[PDB]
Visitor: 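If you scroll down you'll find the structure; I have some questions about it.
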Amino acid sequence: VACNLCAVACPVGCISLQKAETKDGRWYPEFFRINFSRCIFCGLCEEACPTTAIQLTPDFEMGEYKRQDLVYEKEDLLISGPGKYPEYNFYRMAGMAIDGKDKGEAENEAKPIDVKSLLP
Amino acid sequence: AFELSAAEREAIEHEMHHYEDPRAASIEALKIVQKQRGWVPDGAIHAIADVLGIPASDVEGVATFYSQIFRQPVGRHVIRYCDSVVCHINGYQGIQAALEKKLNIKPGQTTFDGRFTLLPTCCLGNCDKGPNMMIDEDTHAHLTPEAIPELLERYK
Amino acid sequence: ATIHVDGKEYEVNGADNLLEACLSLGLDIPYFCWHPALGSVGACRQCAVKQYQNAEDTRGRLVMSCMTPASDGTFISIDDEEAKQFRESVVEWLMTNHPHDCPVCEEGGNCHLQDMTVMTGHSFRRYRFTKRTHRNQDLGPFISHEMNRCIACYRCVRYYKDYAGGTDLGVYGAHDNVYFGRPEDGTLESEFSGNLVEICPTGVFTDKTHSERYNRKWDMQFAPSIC
Amino acid sequence: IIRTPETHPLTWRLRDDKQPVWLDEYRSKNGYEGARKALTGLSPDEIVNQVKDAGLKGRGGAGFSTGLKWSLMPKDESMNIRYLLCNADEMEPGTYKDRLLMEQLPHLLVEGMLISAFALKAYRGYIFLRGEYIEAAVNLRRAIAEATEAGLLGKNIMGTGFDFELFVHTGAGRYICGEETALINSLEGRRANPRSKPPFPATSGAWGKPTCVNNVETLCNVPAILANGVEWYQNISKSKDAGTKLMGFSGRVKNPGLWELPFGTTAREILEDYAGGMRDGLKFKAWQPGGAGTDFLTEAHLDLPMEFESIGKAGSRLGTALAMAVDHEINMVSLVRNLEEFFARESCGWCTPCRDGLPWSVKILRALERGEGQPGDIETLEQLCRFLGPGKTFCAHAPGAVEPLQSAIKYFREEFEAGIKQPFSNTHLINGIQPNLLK
Amino acid sequence: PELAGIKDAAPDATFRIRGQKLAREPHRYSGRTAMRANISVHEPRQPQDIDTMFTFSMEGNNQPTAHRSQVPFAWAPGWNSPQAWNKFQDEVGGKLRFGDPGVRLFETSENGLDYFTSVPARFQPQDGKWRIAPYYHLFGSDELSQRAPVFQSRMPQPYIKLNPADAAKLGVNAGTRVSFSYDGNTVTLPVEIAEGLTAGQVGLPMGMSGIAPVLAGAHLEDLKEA
Amino acid sequence: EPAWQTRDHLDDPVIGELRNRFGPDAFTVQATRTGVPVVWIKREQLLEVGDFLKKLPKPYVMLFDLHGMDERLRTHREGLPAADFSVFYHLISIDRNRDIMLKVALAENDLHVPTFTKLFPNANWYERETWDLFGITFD
Ligand SMILES: Cc1cc2nc3c(=O)[nH]c(=O)nc-3n(C[C@H](O)[C@H](O)[C@H](O)COP(=O)(O)O)c2cc1C
Ligand code: SF4
Ligand code: SF4
Ligand code: SF4
Ligand code: SF4
Ligand code: SF4
Ligand code: FES
Ligand code: FES
């Protein structure tokens, strides 16, 4: 959701991202880059992620010929599935209305009562 | 589009004559509009605002604050059944069940023809004769579930 | 005037209330509904301290410090256990209907409600029921509206009406369905409507222009400039 | 049941056919003699002193003395614009005394407002009446028209030069409008948020002017004091609360009604000798002395006098002295759930503990009703009761809301403990994340 | 010498708080090894500020008890909101601690001016001429504010303001377009009726597209319907 | 009283011994959560305080630590002596199973302390590091 919590929780400052919004109103990263030449693989960004988007995976073979190629953009980080946390969906809990999920349709949410309604 | 009638404006101004501040006639102005038109439409807030010289946000806050100022379209008759403690002791739940069976609605909404609308209301001040129910201008006491069809048939 | 906060003597101005006098001394009292420019109305009940009649008093009484004058020889306690528990309870009651919205909220990292939730030490939720929701209005090109995040502190209406002289913003509804906004969708008419983004202690009124290219407050580079 | 004027000052002129008494019949039955004596033989300060010395306390539920409240008015002659308000709202559940007082004796209320307006030097008077009392509104408007027709209201009343105009402001159906500062706010056409004190309404009330708000019953005892004398009023009963009071038991009893009794009358006398006891095959369980905003009392407290101080030490309030009886058939969890649903939907939304803690108690009581209670719920209710007391909330609606809840927990805890059937569960398991198994 | 006070508006670039500069960004400023990593993985040199006492980094002071008047942003631990300005003041709602920034250039003179005897005559509505009444807009009269793209939706469509009597004299209604020429520039605007305007005047929105603010008090020719 | 509670450690016998030897106004006791008695000693009494602790019946035989601190930006120094800089000496008595911190305040211009190398030979590298990282001279 491009909330920038992983970027600030990073002690090396090797995560850069920008928030963008679609037409329905959901937040997403416009870009997302991790400088893996700086990253110490400490797992603080995964610990700080409130959506379980960023994850540290069992893969150690990341050697490169050029240091510029260790800067991983969003196309090199976004995988096809949920990774280590299979069922969590932040937008099923958040209060913002997005496509397919209106007001009062999140977890533990009542339908919105208009102030003009006849009931006291 | 909402135009105030001449009689409504005259009654509103006569109510403004009773107070030293024109804002004090907002509740009675909303009640006058509701009595004339069944409820208070969206343009009525702006019309009362221009008549009284107070902002429309104030009139909207007053209209949405009070329960008896209707800001949604209702039916031609309003059932107001008392859900308070003494009528609960005297069994208002059977009266509510009979009303839900006859009208075939839930409380708060209107019938398909707009003939009745059902509302749980506050204590009517008739607790010694409970349970009580308020139709548009008439209070009814000593209610029984069997008397609901014979009581509701006199309101068309 | 002379006050005694937690057994420590302080010299303050007697014309101020207790909350602003204690905040001027560096003491931390949580507060929502009070503003230095708007005055005190005692709505949010967050600024509660324990006041004693004299030095040799043990029972005391909870008072709102924003509504209590800082009179001479006034004995109070902020770190009293009862006052701390009541302030935590007020934050918890505000937290019962609050949306799970902080990652996708523009007030995150700049939120007074976040700061006071942390300051009260309230981090365990024992409320298991549903939370109320609200539709949002379109307030124009400048102010974005998110009514779910409201805590009903009445700062917006007090500022916009009693201070700014605006007419189109107000409070509607009742008991726990209080709505803060315009009667219909439309642009906020006041020329000072933008100060709502700093008056509102939550994410209800946000800078839409900033919300386009949003970044958190810790990520900004700031400078003191002149408009 | 005979009703002499010496011992039933408010109900002796009532008619047996339940018809209202108009101006000619009211004047026939010793009407507007106290008003004539007050306006032609007493200074306003003298009338205030007589009301103060008569021990006339308030009848709305607070029990504050009327003379002390009237003595808070400013002594400056520069502020001659003053208002007298009659709290005819009667929005508290279990209360039906003002409906009887205004639907059948409107001229008594008119005379009391006239006397109190002369005593307070009040130039205008308003009757804040609820919108459901249509018959009371019609009777009060007809009585006002008859009073100005006979010269009892308007300009130059009784030739004394005193001007007083009385209006009837019908409410729009909200319970919080009965609160005096919220009554002032709703009279000004605003949202009925109550105000903070100090300043009191006597210093600056309606439209910033000195304003005194009094109940219907207090302004009904005022003409009896001003006509029959002060030493007659102090000698009605041998109790600290002088004068009579409209008391009565309601709810599944043999004779649910309203009678006029002196203070110090025990609650068992009202239940047995007047209400006839409970109905057939019903075991008495509990009773509320003063409506929905008062603590429940058991049958052991039934042998207690109906005074403010006597019910105060019992752990309750006298309130409006209109008691409601609960038998054994009623589940107390359901009754307190209905009470809290009323008190949570009648919140004004101004202040946090009432607005956001009454619905939490409502949902907890709903869960206890359906047997879906969880551990910590009764502890949450007790925390809500102790954190919604006086001073914690902005007005007195929330202490009166939590009084029946704490009283029912104190006396009937086994019914609340019987709704807890499920283990506590606030979180659902998230796959891949091991929970913190707190002990 | 009339601008001699601007030396004291802010201290010079050698101003330090216990030897360190004033920070421009908060302590938890993030992404310092990745914001420019798409351009080059090598971190660039930190921009040096020789002009002022501030630094383009977090390596500086923003303590609320620091002896200074220029505060870039308010942040205290536990107070991340705009309520941290309470921590940055001596008393809340008062002045900034150690004084507010800015210095008055001139003091109040001991002796005043004389009464201006040049009393103007009344406004005379002359036929053919049209006095331009300025109509300023908060969103649209400032040039750089007009350049802001978010103001284009907030700013109104340019309406030429006319008296009802003058609009009846020209026969133009509310909303129709009239064309007027000033300095040989015939431009067209739609008419809005202004009842409060005085007859003989025509209202023009200042600062807008083509309507320079130097038209205040300027005469106008050839006001005709397009 | 939990283990993390702020203690002043005035009941430590070393505080009473220091009071009986140097007087009650010779030093200031600071309440901390360090778990040790923290004692602000005047600079001119530092060598004799260290010698007195070295000659105790159950003496403080080990210099556990010695380092500086820049206190110019420290805002919450209530109850602390005025100091632009400070030097702390952590000493351990193994026989007592106790430890004490001694703090010497230093002004910004007068950044020099007497050397501790005579009492404890391991103070050499600590004083070299304190000079290196803080500019505090050791005479
Ligand atoms: C929530 C609430 C509701 C109240 N409703 C009424 C009411 O309906 N009628 C009434 O006379 N007093 C009501 N009161 C009491 C008033 O605040 C006030 O004490 C009373 O109207 C006048 O005082 P009196 O008894 O001396 O006449 C209410 C108080 C509260 C807190
Ligand atoms: S694992 Fe890498 S990217 Fe994540 S916080 Fe640690 S250093 Fe930063
Ligand atoms: S990866 Fe997680 S922590 Fe980082 S911006 Fe996205 S949602 Fe926030
Ligand atoms: S307003 Fe504050 S507490 Fe609420 S979602 Fe936004 S950041 Fe979180
Ligand atoms: S919208 Fe914001 S300022 Fe207004 S009451 Fe709600 S939290 Fe307070
Ligand atoms: S307790 Fe608070 S929210 Fe409730 S009715 Fe009173 S002022 Fe309003
Ligand atoms: S409880 Fe129903 S009329 Fe009072
Ligand atoms: S800050 Fe005092 S009650 Fe809100």
Side-chain angles (χ1 to χ4, degrees), chain B residues 17-21 24, chain D residues 32 34-52 54 56 58-60 64-89 106-129 140 143-144 147-148 151-169 180-181 183-188 199-223 225-226:
Chain B
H17 280 182
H18 301 160
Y19 313 96
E20 79 168 33
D21 189 313
Chain D
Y32 291 95
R36 207 232 48 239
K37 177 179 298 182
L39 264 73
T40 60
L42 283 180
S43 182
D45 210 34
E46 277 165 79
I47 309 170
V48 170
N49 288 328
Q50 291 198 358
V51 167
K52 181 152 56 182
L56 171 63
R59 310 297 209 250
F64 192 68
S65 41
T66 321
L68 266 275
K69 183 194 293 187
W70 288 2
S71 302
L72 294 182
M73 287 300 220
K75 300 300 173 295
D76 318 51
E77 191 23 67
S78 57
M79 38 195 36
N80 50 325
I81 297 301
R82 296 186 175 184
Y83 295 98
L84 173 67
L85 310 184
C86 169
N87 200 334
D89 214 16
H107 283 93
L108 179 59
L109 179 57
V110 170
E111 178 185 0
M113 302 218 44
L114 172 61
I115 295 169
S116 308
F118 190 81
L120 291 160
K121 294 175 290 297
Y123 107 103
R124 242 169 193 171
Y126 293 91
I127 304 178
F128 194 96
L129 179 55
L140 250 305
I144 284 169
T148 88
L152 304 169
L153 299 175
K155 310 246 164 283
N156 196 20
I157 299 174
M158 273 163 234
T160 74
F162 173 63
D163 307 332
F164 170 63
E165 208 162 3
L166 183 54
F167 301 96
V168 170
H169 173 93
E180 41 168 358
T181 59
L183 192 132
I184 289 174
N185 261 327
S186 43
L187 186 85
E188 296 181 3
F200 281 84
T203 279
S204 63
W207 303 285
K209 307 298 180 300
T211 300
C212 264
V213 184
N214 289 119
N215 197 14
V216 191
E217 193 174 352
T218 302
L219 307 167
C220 284
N221 330 113
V222 160
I225 303 175
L226 259 284

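Because only heavy atoms are used, hydrogens play no part in the values below, and waters and symmetry mates are left out as well, while side chains stay in. Letters A, B, ... mirror the listed sequences (proteins, then strands); counts begin at 1.
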Visitor: What heavy-atom pair brings D:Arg36 and D:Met158 nearest, and what distance separates the two atoms?
Guide: CA-SD, 3.7 Å
Visitor: Can you give me the closest heavy-atom contact between D:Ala122 and D:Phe162, atom names plus distance?
Guide: O-CZ, 3.5 Å
Visitor: Would a distance-only check, ignoring hydrogens and angles, find a side-chain to backbone donor-acceptor pair under 3.5 Å from D:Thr160 to D:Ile157?
Guide: yes
Visitor: Any idea which heavy atoms bring D:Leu114 and D:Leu152 closest together, and the distance?
Guide: CD2-O, 3.6 Å
Visitor: Determine whether D:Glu165 and D:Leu153 make a side-chain contact, defined as any pair of heavy atoms from C-beta on separated by less than 4.5 Å.
Guide: no
Visitor: May I ask you to decide if D:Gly154's main-chain N or O and D:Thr148's side chain share a donor-acceptor pair within less than 3.5 Å?
Guide: no
Visitor: Any side-chain heavy-atom pair from D:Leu129 and D:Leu140 closer than 4.5 angstrom?
Guide: no
Visitor: Would you find a donor on one side and an acceptor on the other, under 3.5 Å apart, between the side chain of D:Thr218 and the backbone of D:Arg59?
Guide: yes
Visitor: Quick one: does D:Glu188's side chain get under 4.5 Å of B:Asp21's, heavy atoms only?
Guide: no
Visitor: Rounded to the nearest 0.5 Å, how far apart are SG of D:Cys212 and CG of D:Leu72?
Guide: 7.5 Å
Visitor: So how far is it from D:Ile184 CD1 to D:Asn87 CG, rounded to the nearest 0.5 Å?
Guide: 10.0 Å
Visitor: D:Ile115 and side-chain contact (heavy atoms from CB on, under 4.5 Å): which partner among D:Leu42, D:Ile225, D:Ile47?
Guide: D:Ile47
Visitor: Rounded to the nearest 0.5 Å, what separates atom CZ in D:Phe128 from atom CG in D:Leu85?
Guide: 9.5 Å
Visitor: Rounded to the nearest 0.5 Å, what's the gap from OG1 on D:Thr203 to CE on D:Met73? Could you check?
Guide: 9.0 Å
Visitor: What is the minimum heavy-atom distance between D:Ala202 and D:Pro74, and which atoms define it?
Guide: O-CD, 3.3 Å
Visitor: Under a 4.0 Å threshold between the charged nitrogen and the carboxylate oxygen, would D:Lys209 count as salt-bridged to B:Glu20?
Guide: yes
Visitor: Can you measure from OH (D:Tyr83) to CG (D:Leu187) and round to the nearest 0.5 angstrom?
Guide: 9.0 Å
Visitor: Between D:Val110 and D:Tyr32, is there a side-chain heavy-atom distance shorter than 4.5 Å?
Guide: yes
Visitor: Tell me the closest heavy-atom pair linking D:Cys86 and D:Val216, and the distance in Å.
Guide: SG-CG2, 3.6 Å
Visitor: How close do D:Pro201 and D:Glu180 get, heavy atom to heavy atom, and via which atoms?
Guide: CG-OE1, 4.5 Å
Visitor: As an exercise, state the distance from CH2 of D:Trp70 to CG of D:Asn214, rounded to the nearest 0.5 Å.
Guide: 6.0 Å
Visitor: Given the rule in the ring-ring contact (aromatic ring centres under 6.0 Å, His included) test, do B:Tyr19 and D:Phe167 qualify, once you have shown the distances and angles that lead to the verdict?
Guide: CA-CA 9 Å; B:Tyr19 313 96; D:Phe167 301 96; 7.1 Å; no
Visitor: Could you check if a side-chain atom of D:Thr181 sits within less than 4.5 angstrom of a side-chain atom of D:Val213, using non-hydrogen atoms only?
Guide: no
